[PDB]
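To start, the structure itself, in structure tokens.
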Amino acid sequence: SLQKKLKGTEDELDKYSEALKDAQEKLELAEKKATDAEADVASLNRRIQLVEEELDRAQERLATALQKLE
Amino acid sequence: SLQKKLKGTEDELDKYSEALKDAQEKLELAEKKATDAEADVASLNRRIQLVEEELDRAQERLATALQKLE
Amino acid sequence: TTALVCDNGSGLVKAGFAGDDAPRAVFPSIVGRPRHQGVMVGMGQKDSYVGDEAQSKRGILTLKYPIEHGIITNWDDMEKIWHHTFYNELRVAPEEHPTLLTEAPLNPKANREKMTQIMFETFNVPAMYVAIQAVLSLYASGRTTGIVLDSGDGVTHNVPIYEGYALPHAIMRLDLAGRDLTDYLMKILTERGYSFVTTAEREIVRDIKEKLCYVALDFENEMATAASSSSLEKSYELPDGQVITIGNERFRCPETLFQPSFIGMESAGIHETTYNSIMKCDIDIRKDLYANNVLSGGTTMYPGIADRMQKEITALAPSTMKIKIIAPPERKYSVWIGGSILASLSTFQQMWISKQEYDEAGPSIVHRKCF
Ligand SMILES: Nc1ncnc2c1ncn2[C@@H]1O[C@H](COP(=O)(O)OP(=O)(O)O)[C@@H](O)[C@H]1O
Ligand SMILES: [Mg+2]
């Protein structure tokens, strides 16, 4: 009767509480991963310009050397 | 006598279900953001490796130019 | 007055008013019919369901695509799709709105002839025009040169354009598209133990492909990684629960674009077709074409596609050349944006096909200078 439904509702509530805790744990892990990736991309995208200017002046004095050789 | 208990149980179940639904919605949001960030960082890491090879060969033929100019 | 830009495409109709930033109405180009009998009396369900409506009743209906590869097979359902687009999604009578349509390269002339005849007779639009998808895509990007690869759901074509001058002899068309990729995914998922046969489940497989698939920069290394690591497997939730998992098939499906031999096609991969098309052009314009490679179409939305394409083309092209690939975020809507821009030009107002001009010149006028 109503007792069976009440017990089932309580037990289901317990499983959903466990799932809620698992969800919070997974989101904490996801946020940690997201901030780590943010730091990594910050490093990469603040070194990309250095690499770009590096290859830029590399081909610059490459061209200068080639024309002088010619 | 048990009617109040059932009403309280129903209210608690509703509150827990709403909190759980918020937990999911937020978890999906965080997971989507994390996946997008991971894809972007992987793509720009591949860019990093290809530009690194470009720079390496840049110094290579720059050195070649250097001696041939010598 | 105002102009109306409609893109039938294949598998996704997108329509709107000219001058808008984005299409107003976007919905699958699907017509479905009920294959069961139905016992309830007074429900009064109509015979056919068109557009996104048919999507919501997927389980009871059977779906038919009026477009197989660019061309139109069934015309009555195509007329139904056009009527639904004009009257329900836009809620505008086409009796006073010029219509611009998009049409893929290298298709039967009868297709254009019947399209114009239907539009001029059934709907009596004051005027209409037909344009190539590649040119519109180039318009949207703001470029004026460069080779454009448009990969939709029906056909994938490369069209090189330089200084606004197309090169018809270098246009390359390949029938590999998103529909074939979905079919290959359906065929390959049977290996893991999941069987999809009903046309309804084709949509589920398409959603899986859209939301889960990705392109691998290198194939053999990724296969080796997947053979040992388990960090690639991902889980998807079907409409009725019953979560499924997918591993290698995550990146095997898109590889068909670079490896047509998977599905038995003789032709070469899209990268090789692009390189061959570039080489088919002259020698004084290859610099801009190499440096202004443009991508468009829904199938191009695979993450990591640009990196793989650049790597392949660089491996093919000479090292001295600079290879750049343009991948705007709004690839799949680029064609409609280009069409909207084109329809809004002042100089385009005299290039429409008028009603009485159509009547006196006959349906074939579409093939005259009013291309
Ligand atoms: N993000 C995505 N991932 C995978 N496939 C996609 C994505 N976006 C669109 N598609 C594919 O593109 C197709 C739609 O192409 P679309 O841009 O409508 O061109 P057309 O209308 O000419 O077919 C769909 O069949 C779909 O499978
Ligand atoms: Mg298209």
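Methodologically, a virtual Cβ is constructed for each residue, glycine included, from the backbone with ideal geometry; neighbour enumeration extends over all protein chains shown. Laboratory data are not the source of any read-out in this text; all were calculated from the coordinates shown.
Quick check on my filter: what residues within the stretch C:250-309 are away from ligand 2 (no atom under 16 Å from the Cβ), in a loop (DSSP other than H, G, I, E, B) and under 30 Å from C:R192 (Cα atoms)?
C:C253, C:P254, C:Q259, C:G264, C:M265, C:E266, C:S267, C:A268, C:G269, C:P303, C:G304, listed by residue number.
Residues C:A131, C:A93, C:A140: which one is more than 16 Å from ligand 2 (Cβ to nearest atom) and of a type in the set (G, A, S)? I'd like the intermediate steps shown before the answer.
On the way: C:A131 fails: more than 16 Å from ligand 2 (Cβ to nearest atom); C:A140 fails: more than 16 Å from ligand 2 (Cβ to nearest atom).
Exactly one residue qualifies, and that residue is C:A93.
For the stretch C:84-109, what are the residues that are part of a helix (DSSP H, G or I) and free of Cβ contacts under 8 Å to residues at least 24 places away in the same chain?
Residues of the stretch C:84-109 that are part of a helix (DSSP H, G or I), as a first pass: C:84-89, C:94-96, C:109.
Selection gives C:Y87 alone.
Mind checking whether some residue in the stretch A:7-20 is more than 30 Å from B:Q3 (Cβ to Cβ) and more than 7 Å from every other protein chain (Cβ to nearest Cβ)? Spell out the reasoning first.
First, the residues of the stretch A:7-20 that are more than 30 Å from B:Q3 (Cβ to Cβ): none.
The answer is no, given that none of the residues of the stretch A:7-20 is more than 30 Å from B:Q3 (Cβ to Cβ) and more than 7 Å from every other protein chain (Cβ to nearest Cβ).
So, C:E357, is that one of a type outside the set (F, W, Y) and within 16 Å of ligand 2 (Cβ to nearest atom) or not?
no
Return the residues of the stretch C:337-370 that are under 21 Å from C:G154 (Cβ atoms) and either touching a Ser or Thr at 6+ places or on another chain (Cβ under 8 Å) or not in a helix (DSSP H, G or I) (or both); say none if nothing qualifies.
Selection gives C:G338, C:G339, C:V366.
Here is a yes/no grid of residues against (1) within 16 Å of ligand 2 (Cβ to nearest atom); (2) out of contact with any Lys or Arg (no Cβ under 7 Å at 6 or more places or on another chain); (3) closer than 16 Å to C:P66 by Cα:
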site: C:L4; (1), (2), (3): no, yes, no
site: C:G16; (1), (2), (3): yes, no, no
site: C:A22; (1), (2), (3): yes, yes, no
site: C:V31; (1), (2), (3): no, no, yes
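Got a sec? Which of C:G247, C:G241 is of a type outside the set (K, R) and in contact with a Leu (Cβ under 8 Å, 6 or more places away or on another chain)?
C:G247
Does C:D284 satisfy the condition of being on the phi < 0 side of the Ramachandran plot and away from every other protein chain (no Cβ under 14 Å)?
Here the answer is yes, as C:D284 does meet what is asked.
Which residue, of A:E52, A:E25, is loosely packed, with under 13 Cβ neighbours inside 10 Å and facing chain B (nearest Cβ under 9 Å)?
Values: A:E25 fails: facing chain B (nearest Cβ under 9 Å).
Within the list A:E52, A:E25, the selection yields A:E52.
Kindly check whether there is at least one residue in the stretch C:362-370 that is more than 30 Å from B:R46 (Cα to Cα), out of contact with any strand residue (DSSP E or B) (no Cβ under 8 Å at 6 or more places or on another chain) and surrounded by 15 or more Cβ atoms within 10 Å (Cβ to Cβ).
Kept after step one, since they are more than 30 Å from B:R46 (Cα to Cα), are these residues of the stretch C:362-370: C:362-370.
From what's left, out of contact with any strand residue (DSSP E or B) (no Cβ under 8 Å at 6 or more places or on another chain): C:362-364, C:367-369.
Applying the additional criterion that residues be surrounded by 15 or more Cβ atoms within 10 Å (Cβ to Cβ) yields C:363.
Among the residues of the stretch C:362-370, at least one is more than 30 Å from B:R46 (Cα to Cα), out of contact with any strand residue (DSSP E or B) (no Cβ under 8 Å at 6 or more places or on another chain) and surrounded by 15 or more Cβ atoms within 10 Å (Cβ to Cβ), which makes the answer yes.
Does A:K68 meet the test of being exposed (fewer than 14 other Cβ atoms within 10 Å of the Cβ) and more than 9 Å from chain B (Cβ to nearest Cβ)?
No.
Give me a count of the residues in the stretch C:147-204 that are of a type in the set (A, V, I, L, M, F, W, C), surrounded by fewer than 19 Cβ atoms within 10 Å (Cβ to Cβ) and without any contact (Cβ under 8 Å) to a residue 24 or more places away in the chain.
2
Among the numbered criteria (1) more than 7 Å from every other protein chain (Cβ to nearest Cβ); (2) basic (K, R); (3) surrounded by 14 or more Cβ atoms within 10 Å (Cβ to Cβ), which one does A:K33 miss?
That leaves (1) as the condition not met.
Would you list the strands (runs of 3 or more DSSP E) that sit entirely within the stretch C:1-46 and hold 1 or more residues that are over 24 Å from C:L63 (Cα atoms) and within 16 Å of ligand 1 (Cβ to nearest atom)?
C:4-7, C:13-17
Just give me the residues in the stretch C:332-354 being within 16 Å of ligand 2 (Cβ to nearest atom) and not β-branched (V, I, T), in sequence order.
Of all residues in the stretch C:332-354, those within 16 Å of ligand 2 (Cβ to nearest atom) come to C:332-340, C:342.
Those that are within 16 Å of ligand 2 (Cβ to nearest atom) and not β-branched (V, I, T): C:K332, C:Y333, C:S334, C:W336, C:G338, C:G339, C:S340, C:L342.
Going by the structure shown, is A:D40 assigned to a helix (DSSP H, G or I), surrounded by 11 or more Cβ atoms within 10 Å (Cβ to Cβ) and more than 9 Å from every other protein chain (Cβ to nearest Cβ)?
no
Considering only residues that are over 13 Å from C:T102 (Cα atoms) and within 13 Å of ligand 1 (Cβ to nearest atom), which ones fall in the stretch C:332-347?
Listed by number, the list holds a single entry, C:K332.
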